[PDB]
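One chain follows as structure tokens, the form deposited in one PDB entry.
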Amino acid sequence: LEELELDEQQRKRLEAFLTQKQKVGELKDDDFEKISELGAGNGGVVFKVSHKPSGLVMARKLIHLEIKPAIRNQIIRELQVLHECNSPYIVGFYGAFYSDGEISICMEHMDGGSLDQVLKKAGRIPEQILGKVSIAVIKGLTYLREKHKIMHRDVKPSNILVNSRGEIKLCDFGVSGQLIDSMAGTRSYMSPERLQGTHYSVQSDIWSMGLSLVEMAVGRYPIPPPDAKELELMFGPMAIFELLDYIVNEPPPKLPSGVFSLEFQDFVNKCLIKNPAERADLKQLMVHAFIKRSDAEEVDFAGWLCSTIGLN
């Protein structure tokens, strides 16, 4: 597929990452010094850490799980597949280990945080910026399914990471069933077919992307749909079980009219079709008018991001 083709800068950055990764070796707990907390989520807390021997900065997720040695060793072995997941749209992997009752997963550090954190600072994320995000998510989901036969299964703003170089990468995609079962995470982004028991596919991840795009475009979780008074304040309390019933039984959310392009509205509409068979697939989204316009658009995402969250 032509979408998995890499630019020259992408190929250089991937090769540089792999070159620095080869110099690391077996990760051990005492080789890390904590710098700051990047946030909690998906069963653990993530810290920005320094790997003292190599000097690299990493993101370290610690999942407190009291498990027998055998259980931990299968998880660490199942997570070894992440060494082969190398893509400009997937966060890079360093290693996994067990120490004093906590599983550690050490990955590439994205100094822009997650898009749920960016959204809180920005209020709303512009359409041209969301075009770049859509391209990255589509290509990331394509790489995972095409090169590894993996579904992400948890697309949401907090699982999309960005950095000051303009890169946009996915994270928190399951690869270890033992780790999943051992943990025993919000379902507010799950497709109505997954919430109804009907088995999952990449179409479920496409629903989650469309819902995430709508939330970032309007600045609020779009379910329940906003009132006209909320819209006039935006452009000029359901419990969790009630919310999940709303997703299955009510029409999907949509962007407001007049403030977004029709190509963007049509793009998220084809993502949020409740029937997974009528919902667009990755191949069709890759050639959608909104995506073709966005790829031709020359958006300084890094410049927008650094000024929005104040990286400087």
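Sequential numbering from 1, following the sequence displayed. Between two forms, the rigid core is the largest collection of C-alphas that superpose within 1.5 Å.
Counting only residues that lack coordinates, how big is the gap in the deposited sequence between residue 228 and residue 229? Pick none, 1 to 3, 4 to 9 or 10 or more. Nothing is missing between them.
Between residue 236 and residue 237, count the deposited residues left without coordinates and pick a bin: none, 1 to 3, 4 to 9, 10 or more. Per the record, 10 or more deposited residues are absent between residue 236 and residue 237.
Quick check on the record: does 147-155 or 111-119 carry the larger mean Cα temperature factor? Stretch with the higher mean C-alpha B-factor: 147-155.
Can you tell me whether 4-12 has a higher mean C-alpha B factor than 303-311 in this record, or the other way round? Between 303-311 and 4-12, it is 4-12 that shows the higher mean C-alpha B-factor.
Per the PDB entry, maximal CA B factor within 131, 92, 140, 101: Across 131, 92, 140, 101, the entry lists the biggest C-alpha B-factor for 101.
So if I compare the CA B-factors in the entry for 255, 67, 273, 38, which one is the largest? Answer, based on the entry's C-alpha B-factors: 67.
Going by the recorded CA B-factors, say which third of the chain residue 266 sits in, lowest, middle or highest. Lowest third, going by the recorded CA B-factors of the chain.
Please rank the C-alpha B-factors of the chain's modelled residues and tell me whether residue 296 sits in the lowest, middle or highest third. As the PDB entry reports it, the C-alpha B-factor of residue 296 lands in the middle third of its chain.
Lowest, middle or highest third of the chain for the C-alpha temperature factor of residue 163? For residue 163, whose C-alpha B-factor we compare with every modelled residue in the chain, the answer is the middle third.
Where does residue 200 sit by CA temperature factor within its chain: lowest, middle or highest third? Tercile = highest for this residue's CA B-factor.
Quick check for you: using the entry's CA B-factors within this chain, is residue 179 in the lowest, middle or highest third? According to the entry, residue 179 has a C-alpha B-factor in the chain's highest third.
Only in words, not in the display: the form deposited in another entry, which the text now covers.
Superpose on the rigid core and name the single residue from 128, 164, 74, 117 whose Cα moves by 2 angstroms or more between the shown form and the other one. The residue that shifts is 74.
Indicate whether residue 65 shows a C-alpha shift of 2 Å or more between the shown form and the other one, with the rigid core used for the fit. True for residue 65: a C-alpha shift of 2 Å or more.
Do you see a C-alpha shift of 2 Å or more at residue 178 between the shown form and the other one, with the core held fixed? Result for residue 178: yes, a 2 Å-plus shift.
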